[PDB]
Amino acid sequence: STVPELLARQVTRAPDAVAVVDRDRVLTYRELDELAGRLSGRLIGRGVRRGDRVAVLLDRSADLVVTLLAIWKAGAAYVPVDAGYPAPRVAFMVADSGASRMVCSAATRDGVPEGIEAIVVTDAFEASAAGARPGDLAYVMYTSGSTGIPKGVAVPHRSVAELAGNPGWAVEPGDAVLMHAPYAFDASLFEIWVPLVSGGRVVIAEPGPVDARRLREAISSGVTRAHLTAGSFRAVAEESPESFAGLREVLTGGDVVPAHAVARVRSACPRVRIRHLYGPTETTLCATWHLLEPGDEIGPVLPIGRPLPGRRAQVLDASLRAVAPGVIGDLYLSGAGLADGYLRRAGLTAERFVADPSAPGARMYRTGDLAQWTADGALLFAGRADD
């Protein structure tokens, strides 16, 4: 599948439902689809072709969502660039990814590197779409991991759709998801694409960091689900855990989350679902998760949890044999959601996206983390192998 294919089902089912809320600008599903179609026509008219990488340099906004969908409709892959990155980093991402064109705004126009065609989103063209395809690239997101050297993770449409359409997210048409993560990071796949393939709405956060006060205001305005980075979640959990009250679900991941932070939230907010996410950019946002249902208490340890539906995990020793529960070993992730690899770096790809001994012809991603199983098939984190 593709996220555009899943979105199209929702445009057909409820075209006049709200899709994007950006300050006073509100886009319905049909309006979002038509706007993206017009910009797709503009991109095709400027020469964008299937498989091209198109860089994006925009502040979070409805125009950002329109742009990503338009790039996809043109058959291309987006290369998300944070407008606050230094110019050498922007130049590297554009050149390394092979992007010759960059969508920008008046405000970000000066950040387009020399020699790159600027397409100003704020500037009439006829609607046209090449159509997204599951084997084509959807985006190239850059990660430096724990190395410090950034590499572009090339993720195909099929993997983005496997993530966004996963039945476990439990996002419904009445949900409103707060959007504030950088679209250069893949938490944005939950904040943007999960609600849109589900019939819900994306609520663009006001500029600046989302703190406890702004979270409370967003919830009062109708937000029902929100993801916080591990650092931000730990802070709010310890300082103001009652600020999560009224959310259907709060999500967090990225770095270590101590069980004590989750316990603080559950104590203040008995009815909030709390979901812990784990996974690298190389396997599309998250590969495992742990959900604390309302009323349940977290133990002394917060698992990274169980593989998402459609995914698998293995804990192997140095001989590549599976270990028994309670034994720490190397964690490998498989099933749905794998990236194609690292753009322009086949050798690096072949040493990290390796053959899966448990699934014929398939690959598994070598996380570089250590983990152990619980007796009933959840995973506990045991630190980075190199830390």
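Residue numbers run from 1 along the displayed sequence.
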Between residue 123 and residue 124, how many deposited residues lack coordinates (none, 1 to 3, 4 to 9, 10 or more)? 1 to 3
Using only the Cα atoms and their B-factors as the entry lists them, report which of 226-234 and 106-114 averages higher. 106-114
Residue stretch of maximal mean CA temperature factor, 153-161 vs 208-216: 208-216
Between 79, 203, 298, 265, which one tops the list for Cα B-factor in this entry? 298
Of 83, 178, 250, 171, which one's C-alpha B factor is largest in the deposited record? 83
On the chain's distribution of Cα B-factors, residue 317 falls within the third called highest
Test of reading the entry: by CA B factor among the chain's modelled residues, which third contains residue 28? middle
Assigned third (lowest, middle, highest) for the C-alpha B factor of residue 378: highest
By the entry's values, the third containing the CA B factor of residue 131 is the middle
State the tercile, meaning the lowest, middle or highest third, of residue 92 with respect to the CA B-factors recorded for its chain. highest
